[PDB]
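>>> All I have is the shape, not the residue letters:
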Ligand SMILES: NC(=O)c1ccc[n+]([C@@H]2O[C@H](COP(=O)([O-])OP(=O)(O)OC[C@H]3O[C@@H](n4cnc5c(N)ncnc54)[C@H](O)[C@@H]3O)[C@@H](O)[C@H]2O)c1
Ligand SMILES: NC(=O)c1ccc[n+]([C@@H]2O[C@H](COP(=O)([O-])OP(=O)(O)OC[C@H]3O[C@@H](n4cnc5c(N)ncnc54)[C@H](O)[C@@H]3O)[C@@H](O)[C@H]2O)c1
């Protein structure tokens, strides 16, 4: 009922948010990361005379996302329920100036297309990198120690120790490799310190400190194939870039030790769907697990749901209640800064001044 | 077909082993811990002119265990499929001199009764204490991060991030308490080092080093109730003694923080069955998980199978293929030493010279 705002010329800005529905779970106000509570920023936007419109309806061209997209200045996405911003969707977005990811990973945006339009793309760098590091250890131990079939077995009334431990091992004196030595890569190695690994290995374009490598008890592998062929466990910790799409194909998976484990809480598309299914069926992989899929939601018939020895979940690790707090705060901050014509922290920029952040090249 | 042995007077000794069946999984000879492969010691016993008899049939009084028990000199048990050696069963065991546990925890033996008969009870101290420490971290992360419902959800074709993360948290800046600062207690704290806990706490009759406490980043809690009321997560790491039976009752569970997590890979009976079920149903417990049950096998109707927020499996953690190697070797060694009238390592003795090891008092 108020026509103006505290912005230039009192132009009312429209902020569009796409979040999953929490339905009854939204009764917990700590549950910020959902369409119902919308990061708890509605009153703070409405009180500036700005418009705040949110939806969980992002799929197909009849979507609330496509309706509302035309006159939106600011788009908030979340990786857990990601608005896929194609060249077409960006081109219809006539007022769009800022794309902010409530989480980490902005690959659900056409970054090359956003860059060409001079749009700004940002994410809450660092906000759930500890949460994913914890979940990666979870997935390693669950696959190595064969937890899931055992939990299934006793929940359905059975008792057969052998049907579980015929495929259960200890992590001690095994070799773990992280593809990526970024924030999550490093938080993983910090958390694998006490497990008495043979070696902790990382592959990245960037050497860490010699001092950092000592701190993390890790060693750099120059060649990826050289790292993979030493590893009992492989963890994916890169963004989804043009370099990293389908990086874990037939060829690259056969380069891994027989019965080795593949954990991916980075992005599904970094691992070829059919290649992971088959190597799980053959046993060339001891198992595959992660919260991330090449389509979000994953179609009912995504094979990663039904393949053997999998530790799959929906996209949960970076959106625990504790993670939601951090990326909510970071999202509000960047919208605050944008309205104040203030630079974001340099690390939060994925696309700025028509250029992609070096880690997406 | 040979009537004598390399023992005193060439008395053929009978070694009785009770193991679970591995059926087809016994095709893997690394799968030592099963009735079919029987720790791979048959030829080494038979070649000394000793008798080796093994069975998975240990339950009821019509059992192969009860038939064979009468004339057995040496009994090998395993906690994963434990022969319950009651006062009655011991009294029928006319030749029995040595009870050796292929694993750790000999509570499935009436130790007070074994002590009265002057029998020797031993276990492979240290043999799977790293394996259980790993699995305890597994169970903590699985319960805190709510893995299991998510794995169930996607395996049955669903997709609902909220139905999982409404009860999913991060471990960082939370407080973990281990009831027991023994081998597993210590291997747990070593593995929780990198998780940025608020505090790592332990309760034990025995202080560790001041130097050890620094090494483990831990602090001692004198009063159990004082430890419990600070703890987001509680891990059970004591043997099942007279002190520790039903230690986790109604009263003691209500002393834990609301929505706190209880992990038990020690022994089921340390936690009252109904008390754990109810506190899981009320949410006073965020969840309960472990591989150990007060009856082994657990009856089809054990409530811990069907209660909410559980991370239960059969008894697997201390009998991964890697653990089986270590307790097989230790069992063969102690039988070797017994035949040579050689003392076992002091730590392997549960019952010696009519006395119980201090940690079972
Ligand atoms: N499951 C979740 O909820 C969740 C949450 C957080 C992040 N993620 C995913 O994890 C990714 C990693 O996050 P982060 O915080 O570690 O980011 P980061 O930018 O700190 O780390 C990424 C690392 O990858 C390296 N890299 C990029 N392309 C490479 C290539 N071709 N070869 C070698 N190294 C390459 C970079 O040098 C960098 O060190 C995110 O981009 C996101 O896709 C998922
Ligand atoms: N799930 C499995 O497969 C598996 C495998 C290994 C052991 N376990 C169980 O774990 C138990 C612990 O194993 P461990 O290797 O740490 O043994 P440990 O003897 O090194 O540690 C036990 C600790 O409990 C303490 N303790 C005993 N009674 C106590 C009491 N009333 N109050 C306070 N402290 C008390 C002792 O002081 C000791 O430090 C075993 O007895 C066994 O029951 C299970």
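Great, that's in hand. Residues are numbered from 1 along each chain as shown, chains lettered A, B, ... in the order given. Ligands and ions are numbered 1, 2, ... in the order given.

>>> Could you count how many residues lie near the closest residue to ligand 1 within the stretch 101-250 of chain A?
Closest contact between the stretch 101-250 of chain A and ligand 1, by Cβ to the nearest ligand atom, is at residue A:182 (1.7 Å). C-beta: built from backbone N, CA, C; applies to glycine. Neighbouring residues of residue A:182 were enumerated by other Cβ atoms under 10 Å in any protein chain shown; the total is 21.

>>> just residue A:92 next, same as before
Number of residues near residue A:92 (other Cβ under 10 Å) recorded here: 12.

>>> show me what contacts residue A:312?
The contact partners of residue A:312, taken as Cβ atoms under 8 Å, 6 or more residues apart in numbering or on different chains, are A:288-291, A:304-305, B:151, B:154-155.

>>> Torsion angles phi and psi at the residue of the stretch 101-250 of chain A closest to ligand 1?
Note on residue A:182: its backbone torsions stand at phi -80, psi -150 [degrees, to the nearest 10].

>>> doesn't residue A:237 make contact with it?
Yes: here residue A:182 lies in contact with residue A:237, judged by Cβ atoms under 8 Å, at a distance of 6.1 Å.

>>> Now whichever helix in chain A runs longest: buried residues?
Ranked by number of residues, the top helix in chain A under DSSP state H is helix A:321-339. For helix A:321-339, the neighbour count (16 or more other Cβ atoms under 10 Å in any protein chain shown) marks A:321-335, A:337-339 as buried.

>>> The contacts of residue A:312 in helices, which ones?
Helix and strand membership here follows DSSP H; of the contacts of residue A:312, those in helices are B:151, B:154-155.

>>> any chance of those in JSON lines, plus neighbour count and distance to ligand 2?
Listed next are the ones in helices among the contacts of residue A:312 as JSON lines, based on neighbours: other Cβ atoms under 10 Å in any protein chain shown; distance: Cβ to the nearest ligand atom, whole Å:
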{"residue": "B:151", "neighbour count": "24", "distance to ligand 2": "21"}
{"residue": "B:154", "neighbour count": "22", "distance to ligand 2": "28"}
{"residue": "B:155", "neighbour count": "16", "distance to ligand 2": "26"}
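
>>> Output those of the contacts of residue A:312 also counted as contacts of ligand 1.
The residues of the contacts of residue A:312 that also fall near ligand 1, by Cβ under 6 Å from any ligand atom, are residue A:291.

>>> Where does the stretch 1-150 of chain A get nearest to ligand 2, which residue?
Ranked by Cβ to the nearest ligand atom, the top residue of the stretch 1-150 of chain A for proximity to ligand 2 is residue A:145, at 11.2 Å.

>>> Do I have it right that that residue meets residue B:133?
No: applying Cβ under 8 Å, one finds residue A:145 not in contact with residue B:133, separated by 11.4 Å.

>>> Would stretch A:104-112 count as contacting chain B?
No: using Cβ under 8 Å from any Cβ of the partner chain, no contact is recorded between stretch A:104-112 and chain B, whose separation bottoms out at 14.2 Å.

>>> so how far does that stretch reach from one end to the other?
18 Å (Cα to Cα, to the nearest Å).

>>> Chain A: strands as residue ranges?
For chain A, the strands defined by DSSP state E occupy A:14-18, A:51-55, A:74-77, A:98-101, A:120-123, A:176-179, A:200-203, A:218-220, A:233-236, A:260-264, A:285-290, A:310-312, A:349-352, A:355-356.

>>> Distance to residue B:61 added to the ones you listed, as a markdown table?
Formatted as a markdown table, the strands of chain A follow (distance: least, Cβ to Cβ, whole Å):
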| stretch | distance to residue B:61 |
| --- | --- |
| strand A:14-18 | 66 |
| strand A:51-55 | 67 |
| strand A:74-77 | 66 |
| strand A:98-101 | 66 |
| strand A:120-123 | 67 |
| strand A:176-179 | 50 |
| strand A:200-203 | 53 |
| strand A:218-220 | 57 |
| strand A:233-236 | 47 |
| strand A:260-264 | 45 |
| strand A:285-290 | 42 |
| strand A:310-312 | 43 |
| strand A:349-352 | 71 |
| strand A:355-356 | 74 |
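
>>> Spit out the contact partners of residue A:27.
Listed by Cβ under 8 Å, 6+ apart, the contact set of residue A:27 is empty.

>>> Residue A:33 against residue A:41, yeah?
No: Residue A:33 sits out of contact with residue A:41 when judged by Cβ under 8 Å, with a separation of 11.8 Å.

>>> what is in contact with the two at once?
By Cβ under 8 Å, 6+ apart, the residues touching both residue A:33 and residue A:41 are residue A:328.
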